[PDB]
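Structure record follows, encoded as structure tokens.
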Amino acid sequence: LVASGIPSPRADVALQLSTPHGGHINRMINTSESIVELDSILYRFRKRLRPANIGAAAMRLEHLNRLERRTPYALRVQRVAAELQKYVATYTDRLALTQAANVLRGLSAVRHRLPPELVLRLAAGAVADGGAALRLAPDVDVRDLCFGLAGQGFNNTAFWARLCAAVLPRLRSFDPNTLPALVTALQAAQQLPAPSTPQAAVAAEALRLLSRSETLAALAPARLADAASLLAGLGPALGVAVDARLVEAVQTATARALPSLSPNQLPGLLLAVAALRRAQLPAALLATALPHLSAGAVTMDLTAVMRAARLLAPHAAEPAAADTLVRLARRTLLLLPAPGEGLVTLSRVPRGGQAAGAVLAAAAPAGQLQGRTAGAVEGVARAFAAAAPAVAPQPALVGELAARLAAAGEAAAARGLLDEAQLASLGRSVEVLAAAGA
Amino acid sequence: XXXXXXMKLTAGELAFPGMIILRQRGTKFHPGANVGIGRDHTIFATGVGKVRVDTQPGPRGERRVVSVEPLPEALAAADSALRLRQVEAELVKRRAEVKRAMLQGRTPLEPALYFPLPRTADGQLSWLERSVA
Amino acid sequence: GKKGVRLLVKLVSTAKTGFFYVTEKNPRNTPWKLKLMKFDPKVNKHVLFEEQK
Amino acid sequence: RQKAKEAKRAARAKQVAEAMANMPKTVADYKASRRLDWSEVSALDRXXXXXXXXXXXXXXXXXX
Amino acid sequence: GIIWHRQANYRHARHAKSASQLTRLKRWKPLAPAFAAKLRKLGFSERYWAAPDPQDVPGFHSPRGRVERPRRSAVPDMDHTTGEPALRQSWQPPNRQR
RNA sequence: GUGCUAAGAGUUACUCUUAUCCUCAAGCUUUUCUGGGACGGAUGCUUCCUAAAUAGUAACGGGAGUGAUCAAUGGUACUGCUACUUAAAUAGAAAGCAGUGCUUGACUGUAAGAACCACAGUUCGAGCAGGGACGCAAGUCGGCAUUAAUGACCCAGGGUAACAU
RNA sequence: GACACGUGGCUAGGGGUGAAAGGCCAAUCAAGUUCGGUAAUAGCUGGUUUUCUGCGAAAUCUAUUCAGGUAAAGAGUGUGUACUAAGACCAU
Ligand SMILES: [Mg+2]
Ligand SMILES: [Mg+2]
Ligand SMILES: [Mg+2]
Ligand SMILES: [Mg+2]
Ligand SMILES: [Mg+2]
């Protein structure tokens, strides 16, 4: 304890940092618990950084940006991303597959696109052999490499052919939850055509691995949501079929993995199983996932309340569905700016780590109007026009909801984020809601 | 010398555990809820909450009781005792991260020596090396 | 002071391993050999401690 | 030299184990010698702490 | 690059101190910034309390010494004529040189 | 070092070795505050007035203390009575006055956070682990209602532990 | 005459000589002069040499063989980082 107001040294951090071993900069990076703390660490050692430190810094920037709920397009994140991009340009042929996968995933998940010749160098360096880089690297490195190269553009379809030819013999030795990231990375580029063939072959063998029992009950939660979405989206096109063994296994494991999903992940999984049964929402599964949907609606972003409102669109007369839908109505009322905040004040927003961007999500929730929520207010408008008799008991609530939907639509159309088809559908949904509101 | 003896955190000031509320000679102010009292009658907070100074009937006359009232957003996130301890722990951890962000790595927070682990007992964290049988 | 005959003296453990406590004592007002049960960290059990110089 | 070291370690471990086995009798002896509430300084009996100091100092001189 | 030191007031006279005070004095504290700046400029870069012996490493031992003789070192040095210019304000001329 | 002296030794008066009174010749020390200097006085710590209603605030400015006591005057659980407890201030239906029953927490390893503060240090400290004490429990106990009785480091000595010879 | 003078000689520096004065020993002697160590040392005194532009203190406090010295804190400058603030005022 230095000077009575300066934090006393923590126990485990001092025990980890005091080593005879090397690795001090990477340990300082890994104990940085916020963003300009990491930037001050990168400032202190900027004449001392090596490729391992650049990979660790990119991964830690990714984790700290997701750890708060602030946007990746913030200036702090983009400055750290460009500073790491300088060292990536310096060491562009020295980076091994661990470090190249680290910098690619870290700079794609903060949505900072590298120059495409640098991405070309960084992928050709991964395949400048007889595929020997992809046979000495573990499954997580291949997953991070595929996720990073699915971003940064780079739908080269010749690089992906040799990557999929290198990873196909090794794929059944992979841990069973890195497979959905591989299939998602193949789908995210312009691979898997007819909406070349080793890519579809490794996607088919990955979905054959994911479809089986005794592993689908052994995936981690929130990996089964993406696996169920990928199966429901790509089953009849290439791989497994309608069969009730898979749907029974998905429902059984979904009933067990309910509490371990964050509220932004539940409606994706339930729409995934709804799409699975169309290749619906069966009995006594909605009655145990819907208390979770009501308890997760207090902290739930606007595209997630879209997915939950579309989920609760085809039935509204049930009282549990009705008050769940009015809870989503109050949530959409809360996080969408008034046409005329008062929850917390903007002067006291934390610059710290844990959920500081969530406090910035309140305290004038305007300014979170990116393009995703710009189309998503139209989607929520359609989903609430579908669910008439659940919210229609509350007249002033649905009137103020229509007012805020129209105000956000006008504002984001003024910002250039909508077009005339979305504006017309938004107008139809807001006039339905406003006619129901009086 | 100087012997500064006064009240440090006034009423309505947000407090965190360990913060000295007032330093006095003799119990001019008496401890209340979520409040500890030291050897020299120092009043220190044992909970996250705003300080409240209220006057109550006393054995000699007009006792002033210093207390810490927990936040209304706490006791809503919180059997109850375990839940309050978990809520307080997260607030204390968040305070440290915010303070470290505000002091931008310009103060010597942790040892980070080139030495073998700073002497560790079975419990660990001893700045005292002790030989082991 | 020189008028005050109270001195510091040592309390050696019965158990073994020579762990000790140093506490002061008046010789005149206590001509006992001072014996108390104190915690011994070597054995982690309470044992007795007699007075030796 | 290490055989002599392990012999010394075993010898000290043996003596501490034997004294730890003897130890409950030692605390009982000390507690009994401090305890005085029986057979007071005289048959007068007439004040408990006054009679529990003169005999205790006399026992301390006897058990010096 | 922080210069650390052990706290003083713990070597002796521990009977006259409270349990919390003794627990507090076992900890180490960093040097004050002004003193640390002077030591850093003077060139102080000591990574260990004492230098590790090159011997005692397996395979690196004395040809004829069974180990070596340690030589415990003392720490007094202050004279206004010859030793430690850091510990004197000015230089004293010598005493008549016989 | 120098002159005599003492005790051994050699050639066997003289010479050598060692020691030390009293002489000779040297070498070193021989603070500071101060309505000049000298003289006298003082140089840690605590409290009250100055000090002007947060804190803080000077003068060889003005009045009291202190360099401890106590194996109980410590801890815990109780029993009677009521204007004292002390250096002063703040306080105290017990933190007062008389008692009892057990005990040693007058511990081991730590401690977030603060008061303070040039630095060194100083002060409070909930909580965790160990083993205990008292109490049916509630819960208190890391010395005493608090603020004084607390001299760094070096050096020397003791117990124990590891390594070494 | 315990005299004066002349010509060579002797006593030299921690030493000489002195009817004894801190006297004399080549016009600065309670330690000669010259040379060397020596570019001794001086917290003291004096001095520090062309121009323009921008910013701009302090004489408080703590410690000190220390109070005309030094070091730390306060107050300055440049550089960096970062807030519509770890800021200044005013209102309730
Ligand atoms: Mg003293
Ligand atoms: Mg020793
Ligand atoms: Mg000479
Ligand atoms: Mg001024
Ligand atoms: Mg001065």
Within straight-line cross-link reach of residue C:3, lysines at Cα separation under 28 Å, skipping those fewer than 8 residues along the same chain:
C:25, C:33, C:35, C:53, E:17
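Would you calculate, for chain B, the mean residue ellipticity at 222 nm contributed by helices, counting each DSSP H stretch of 4 or more residues as -39,500 (n - 2.57) and dividing by all residues, to the nearest 500? Display every interim value, and only then the final one.
Details: 1 runs with 23 residues, N = 133.
My calculation for chain B gives -6000 deg cm²/dmol from helical runs alone.
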I'd like the Karplus ³J(HN,Hα) series for the stretch D:11-25: coefficients 6.51, -1.76, 1.60, θ = phi - 60°, whole numbers in Hz, and an x wherever there's a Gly or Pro.
5, 5, 5, 5, 5, 5, 5, 5, 5, 5, 5, 6, 4, x, 5
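Let's test the formula: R0 of 30 Å, r as the Cβ-Cβ distance of residue A:434 and residue A:355. What FRET efficiency results, to the nearest 0.05? It would help to have the intermediate numbers written out before the result.
Values: r = 35 Å, r/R0 = 1.16.
Efficiency computed from Cβ-Cβ geometry: 0.30.
At 222 nm, what helix-only mean residue ellipticity would chain A give, in deg cm²/dmol to the nearest 500, using -39500 (n - 2.57) for each DSSP H run of four or more?
On the way: 22 runs with 264 residues, N = 438.
Value at 222 nm, helices only, nearest 500: -18500 deg cm²/dmol.
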For E:78, C:37, what ranking results if the residue with the fewest other Cβ atoms within 10 Å of its Cβ goes first?
E:78, C:37
Please compute the net charge surrounding residue A:360, taking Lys and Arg as +1 and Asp and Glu as -1 over other residues with Cβ under 12 Å from its Cβ.
+2
Any idea how far apart residue E:13 and residue A:315 come out in nm if each label point goes 7 Å out from Cα toward Cβ?
8.2 nm
Three semi-axes of the equivalent ellipsoid, the protein assembly as shown, Cα gyration tensor, whole Å, largest first:
65, 40, 31
Classify chain A from the C-alpha gyration tensor, please: rounded if a/c falls under 1.5, else prolate or oblate depending on whether a/b exceeds b/c.
oblate
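Using Cβ contacts closer than 10 Å as the measure, can you line up A:112, A:21 from fewest to most?
Values: A:112 21, A:21 8.
Fewest-to-most ranking of A:112, A:21: A:21, A:112.
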Using 7 Å Cα-to-Cβ label points, what is the residue C:38/residue A:288 separation (nm, one decimal)?
6.2 nm
Suppose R0 equals 60 Å. What FRET efficiency, 1/(1 + (r/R0)^6) with r the Cβ-Cβ distance, do residue A:175 and residue D:42 give to the nearest 0.05?
0.10
So if I take the centroid of the Cα atoms in the stretch B:1-62 and the same for the stretch E:15-52, what is the distance between those two points in Å?
34 Å
Once phi for every residue in the stretch E:9-25 is put through the Karplus expression 6.51 cos²θ - 1.76 cosθ + 1.60 (θ = phi - 60°), the whole-Hz ³J(HN,Hα) values, with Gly and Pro written as x, are 6, 10, 5, 9, 6, 7, 5, 8, 10, 6, 5, 5, 5, 5, 5, 5, 7
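Anything over 27 Å Cα to Cα? Flag those among C:45/D:3; B:93/E:38; C:2/C:38; B:50/B:99, in the order listed. Walk me through the intermediate numbers first.
Details: C:45/D:3 30 Å; B:93/E:38 35 Å; C:2/C:38 30 Å; B:50/B:99 19 Å.
The answer is C:45/D:3; B:93/E:38; C:2/C:38.
How large is Rg over Rh for the stretch A:332-438, taking Rg from the Cα atoms and Rh as the Kirkwood inverse mean of 1/r across Cα pairs?
Numbers: Rg = 14.9 Å, Rh = 14.6 Å.
Here the Rg-to-Rh quotient is 1.02.
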How large is the dipole of chain A about the Cα centre if only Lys and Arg carry +1 and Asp and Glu carry -1, each at its Cβ, rounded to the nearest 20 debye?
940 debye
Label-point separation (nm) for residue B:77 and residue E:37, each offset 7 Å from Cα along Cα-to-Cβ?
4.1 nm
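Taking the Cβ of each residue in D:31, E:41 as the centre, tally the other Cβ atoms inside 10 Å and list the residues starting with the fewest. Intermediate values should be presented prior to the final figure.
On the way: D:31 11, E:41 8.
Lowest count first: E:41, D:31.
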Shape call for the stretch A:11-105 from the C-alpha gyration tensor, a ≥ b ≥ c root eigenvalues: rounded (a/c under 1.5), prolate (a/b greater than b/c) or oblate?
oblate
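Throughout, read-outs are computed from the coordinates displayed, never taken from laboratory work. A quick note on method: Cβ atoms are made from the backbone with ideal geometry, for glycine too, and the neighbour counts reach across all protein chains shown.
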